[PDB]
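Chains as they are written, first to last, in the numbering used here: chain A, 5 to 105; chain B, 167 to 254; chain C, 4 to 120; chain D, 1323 to 1393. Everything below concerns the one structure shown next.
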Amino acid sequence: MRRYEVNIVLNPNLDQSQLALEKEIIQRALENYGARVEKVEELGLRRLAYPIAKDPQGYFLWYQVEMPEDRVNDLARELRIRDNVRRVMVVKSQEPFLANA
Amino acid sequence: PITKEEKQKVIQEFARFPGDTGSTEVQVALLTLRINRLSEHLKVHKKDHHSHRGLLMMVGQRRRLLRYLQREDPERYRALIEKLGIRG
Amino acid sequence: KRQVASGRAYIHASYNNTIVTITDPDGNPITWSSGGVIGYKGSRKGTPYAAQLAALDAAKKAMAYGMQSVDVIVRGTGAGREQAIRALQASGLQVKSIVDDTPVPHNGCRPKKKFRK
Amino acid sequence: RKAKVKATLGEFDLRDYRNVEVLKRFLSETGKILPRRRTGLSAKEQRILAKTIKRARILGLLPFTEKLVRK
RNA sequence: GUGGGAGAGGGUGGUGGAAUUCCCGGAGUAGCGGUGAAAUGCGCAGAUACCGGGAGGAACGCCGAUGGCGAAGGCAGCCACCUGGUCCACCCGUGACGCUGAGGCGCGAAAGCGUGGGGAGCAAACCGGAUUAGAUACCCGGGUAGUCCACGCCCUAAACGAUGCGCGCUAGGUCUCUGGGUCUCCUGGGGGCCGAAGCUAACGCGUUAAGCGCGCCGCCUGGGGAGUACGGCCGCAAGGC
Ligand SMILES: [Mg+2]
Ligand SMILES: [Mg+2]
Ligand SMILES: [Mg+2]
Ligand SMILES: [Mg+2]
Ligand SMILES: [Mg+2]
Ligand SMILES: [Mg+2]
Ligand SMILES: [Mg+2]
Ligand SMILES: [Mg+2]
Ligand SMILES: [Mg+2]
Ligand SMILES: [Mg+2]
Ligand SMILES: [Mg+2]
Ligand SMILES: [Mg+2]
Ligand SMILES: [Mg+2]
Ligand SMILES: [Mg+2]
Ligand SMILES: [Mg+2]
Ligand SMILES: [Mg+2]
Ligand SMILES: [Mg+2]
Ligand SMILES: [Mg+2]
Ligand SMILES: [Mg+2]
Ligand SMILES: [Mg+2]
Ligand SMILES: [Mg+2]
Ligand SMILES: [Mg+2]
Ligand SMILES: [Mg+2]
Ligand SMILES: [Mg+2]
Ligand SMILES: [Mg+2]
Ligand SMILES: [Mg+2]
Ligand SMILES: [Mg+2]
Ligand SMILES: [Mg+2]
Ligand SMILES: [Mg+2]
Ligand SMILES: [Mg+2]
Ligand SMILES: [Mg+2]
Ligand SMILES: [Mg+2]
Ligand SMILES: [Mg+2]
Ligand SMILES: [Mg+2]
Ligand SMILES: [Mg+2]
Ligand SMILES: [Mg+2]
Ligand SMILES: [Mg+2]
Ligand SMILES: [Mg+2]
Ligand SMILES: [Mg+2]
Ligand SMILES: [Mg+2]
Ligand SMILES: [Mg+2]
Ligand SMILES: [Mg+2]
Ligand SMILES: [Mg+2]
Ligand SMILES: [Mg+2]
Ligand SMILES: [Mg+2]
Ligand SMILES: [Mg+2]
Ligand SMILES: [Mg+2]
Ligand SMILES: [Mg+2]
Ligand SMILES: [Mg+2]
Ligand SMILES: [Mg+2]
Ligand SMILES: [Mg+2]
Ligand SMILES: [Mg+2]
Ligand SMILES: [Mg+2]
Ligand SMILES: [Mg+2]
Ligand SMILES: [Mg+2]
Ligand SMILES: [Mg+2]
Ligand SMILES: [Mg+2]
Ligand SMILES: [Mg+2]
Ligand SMILES: [Mg+2]
């Protein structure tokens, strides 16, 4: 396995049932694609840069995972099928490279 | 790729002794490993030509190493070939 | 005949001509004018003066239409753009914010041979 | 000839596409990503900062382009 | 071998914004476009300019560099996978396993061919407008192949550093990419510039040689005739050797 990060920007207008349900679909996708989750940081909704889906802001999740290399893509494929998911970004996770320590 | 594990296992196999890494036999095994990996790569991707270059080279090396081993000790050559099973 | 009174002024400035379009806070136009909306016919619509007279047409028109404050926006690089904004400076209109919008692409489309290299 | 970007900032992960005002501090008054002349990074530094910014833009975190004010 | 590294190196699948074009709608009116000046074109079936929505294609602004990678041709948004090369440090393993390379095999920009898709912007040919002594042209308005994709052919080039590959040897200075150091600095590996000795017809080259050497391949033998003729070979053809 390798350790990726998964960003999810989804519909800022979600009520609670709806939100916990998109979250549920996410859990399920991850299990079904083989990713163990080593962390979550959900900053929730934030003011955007440029409109996305005609919307001014977006609801933010971040998931640090470790999963099967060859499956990563299919996972993203799947994560994206929700209309209520706006943008999905997966990344092989690197190590902090800083400057001015 | 090729894991740490896998490379290890193939040497911890073909080594003339404990600690052997650079033996003619071993290199030949590696190069075959690597080769087969890449050939299967170009089973799909018949369009990745720049990797093909590499295949050609890795093949050349394998061949010289073999030829040398033959020149030197025909015995371990037959044995090696009759393990990896290629061109003999 | 709505009495707008606050709005946008759009200066579109090409090597060949200039157009002011006055619109409302929502962008729907209120009035407008140009090189050859005023007299001028050929190239002559490019001259900056053309731009002044045009800008002032667009103002005066909009001003009887009831407008005072406007927000300037400017598309294109071309002679007497500045002159057009100038015209607006004292048009009688309060020029609230000038702004530059000229579309640049990120290299999509293949230019007409005139604009290549 | 004002003063250079990195000089302001403290230590920062140059890989953070989540982290903004640190990031936005690298862009023009238009979206435009900033010249080394202006940012004062290194070959490698600027190089990573690029992909970082771009990664972030795609995320809707940073602006692809902006309007220019006055003129 | 082990441990690090940088990279538009290759293939695949995905996806992101900006702009063009077209379609829908709002508002709005008389011209826009275009040039040296113009006209053709477009516009009351309401254009242009403006706002909102939508489709589709092609290419990736800033970063971008005097930068990087690649054997060459060449390679630029971001993501993930598949993979090639290459550099360094430790000085661990094999023990001359090396260099070159006629044939052969593979790659090979663009244009071009075949079959089937796709077709926004562009645009040979072509249709027009103007300029001109005329204008089978330079400027302007249209426009088809084609540019894009898949597959299969084509095999050319100012395919340029007009500089074959390998190794060893011969002052330095300086700018830079990328490693490793005890890190103003030393040490590798690339990219540039000045310049020792030397070379050179000159211009120039000069540790990235065009210097001093050895190996090996390719090639030259006055200008035309001519990369023509004939023959052979490949090619569907164009044509190539
Ligand atoms: Mg979606
Ligand atoms: Mg004009
Ligand atoms: Mg055209
Ligand atoms: Mg390694
Ligand atoms: Mg690449
Ligand atoms: Mg690639
Ligand atoms: Mg791709
Ligand atoms: Mg668009
Ligand atoms: Mg309309
Ligand atoms: Mg003339
Ligand atoms: Mg008419
Ligand atoms: Mg008409
Ligand atoms: Mg009517
Ligand atoms: Mg629109
Ligand atoms: Mg679409
Ligand atoms: Mg269409
Ligand atoms: Mg679209
Ligand atoms: Mg190179
Ligand atoms: Mg070239
Ligand atoms: Mg690699
Ligand atoms: Mg030893
Ligand atoms: Mg020994
Ligand atoms: Mg060779
Ligand atoms: Mg050959
Ligand atoms: Mg070719
Ligand atoms: Mg082509
Ligand atoms: Mg033909
Ligand atoms: Mg034309
Ligand atoms: Mg003509
Ligand atoms: Mg003529
Ligand atoms: Mg003519
Ligand atoms: Mg002329
Ligand atoms: Mg045809
Ligand atoms: Mg074709
Ligand atoms: Mg093809
Ligand atoms: Mg030649
Ligand atoms: Mg040679
Ligand atoms: Mg050769
Ligand atoms: Mg050559
Ligand atoms: Mg020679
Ligand atoms: Mg060699
Ligand atoms: Mg040498
Ligand atoms: Mg130097
Ligand atoms: Mg260092
Ligand atoms: Mg150096
Ligand atoms: Mg010199
Ligand atoms: Mg001398
Ligand atoms: Mg030396
Ligand atoms: Mg050097
Ligand atoms: Mg010479
Ligand atoms: Mg002769
Ligand atoms: Mg002759
Ligand atoms: Mg010829
Ligand atoms: Mg013949
Ligand atoms: Mg004959
Ligand atoms: Mg053949
Ligand atoms: Mg024949
Ligand atoms: Mg010919
Ligand atoms: Mg040939």
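Idealized CB from N, CA, C, for every residue including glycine.
CB contact below 7 angstroms: residue i versus chain C
| i | result |
| --- | --- |
| D:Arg1358 | no |
| D:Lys1393 | yes |
Partners in chain D for residue i, counting only beta-carbon separations shorter than 7 angstroms
| i | result |
| --- | --- |
| A:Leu102 | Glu1333, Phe1334, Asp1335 and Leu1336 |
| A:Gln98 | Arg1337 |
| A:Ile30 | Simply none; closest approach about 17 angstroms. |
| A:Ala105 | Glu1333 |
Environment of residue i [buried if 16+ CB atoms lie within 10 Å]
| i | result |
| --- | --- |
| C:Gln86 | buried |
| A:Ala39 | buried |
| C:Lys48 | buried |
| B:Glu241 | exposed |
| A:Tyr67 | buried |
| C:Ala57 | buried |
| C:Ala65 | buried |
| A:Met5 | exposed |
| B:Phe183 | exposed |
| B:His216 | exposed |
| A:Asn11 | buried |
| A:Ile85 | exposed |
| C:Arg11 | buried |
| A:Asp74 | exposed |
| B:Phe180 | buried |
| A:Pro100 | exposed |
| C:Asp60 | buried |
| D:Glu1333 | exposed |
| A:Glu46 | exposed |
| C:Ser36 | buried |
| C:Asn20 | buried |
| D:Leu1331 | exposed |
Contact set between residue i and chain C, taken where Cβ atoms lie within less than 8 angstroms
| i | result |
| --- | --- |
| D:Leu1390 | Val102, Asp103 and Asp104 |
C-beta neighbour in chain A for residue i, strict 7 angstroms
| i | result |
| --- | --- |
| residue 1400 of chain D | There is simply no residue 1400 of chain D to check, as chain D begins at 1323 and stops at 1393 in what is shown. |
| D:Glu1367 | yes |
| D:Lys1328 | yes |
Neighbour flag for residue i against chain D, beta carbons, 7 angstroms
| i | result |
| --- | --- |
| A:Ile12 | no |
| A:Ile56 | yes |
Listed by chain order, chain D residues near residue i by CB distance under 8 angstroms
| i | result |
| --- | --- |
| A:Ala53 | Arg1379, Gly1382, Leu1383, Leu1384, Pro1385 and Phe1386 |
| C:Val77 | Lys1393 |
| A:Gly62 | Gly1382 |
Proximal residues of chain D, C-beta to C-beta of residue i below 9 angstroms
| i | result |
| --- | --- |
| A:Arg91 | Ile1380, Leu1381 and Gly1382 |
| A:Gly48 | Those do not exist, as A:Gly48 stays about 13 angstroms from chain D at its closest Cβ, beyond 9 angstroms. |
Residue i: contacting residues in chain A (beta-carbon distance under 9 angstroms)
| i | result |
| --- | --- |
| D:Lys1373 | Chain A residues near D:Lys1373: none, gap ~11 angstroms exceeds 9 angstroms. |
| D:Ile1370 | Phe101 |
| D:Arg1323 | Going along chain A, no residue has its Cβ under 9 angstroms from D:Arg1323, so there is no contact; the nearest lies around 21 angstroms. |
Per-residue contacts from residue i into chain A (C-beta, under 7 angstroms)
| i | result |
| --- | --- |
| D:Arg1347 | Neighbours of D:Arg1347 on chain A: none; closest Cβ ~12 angstroms, over 7 angstroms. |
Counting Cβ pairs, one atom from each stretch, are 3 or more of them under 8 angstroms apart for the segment 220–228 of chain B and the segment 14–29 of chain C? no
Answer yes if the segment 108–117 of chain C comes into contact with the segment 1351–1365 of chain D, meaning at least three C-beta pairs across the two stretches below 8 angstroms, and no otherwise. no
Touch check for the segment 90–105 of chain C and the segment 29–40 of chain C: three-plus C-beta pairs under 8 angstroms? no
Touch test, the segment 172–179 of chain B against the segment 68–83 of chain A, Cβ-Cβ under 8 angstroms, three pairs minimum: no
Decide if the segment 23–33 of chain A is in contact with the segment 1352–1366 of chain D; the criterion is three or more beta carbon pairs, one per stretch, under 8 angstroms apart. no
Inter-stretch contact at 8 angstroms, needing at least 3 Cβ pairs: the segment 66–73 of chain C / the segment 244–254 of chain B: no
Does the count of Cβ pairs from the segment 44–64 of chain A and the segment 1365–1382 of chain D closer than 8 angstroms reach three? yes
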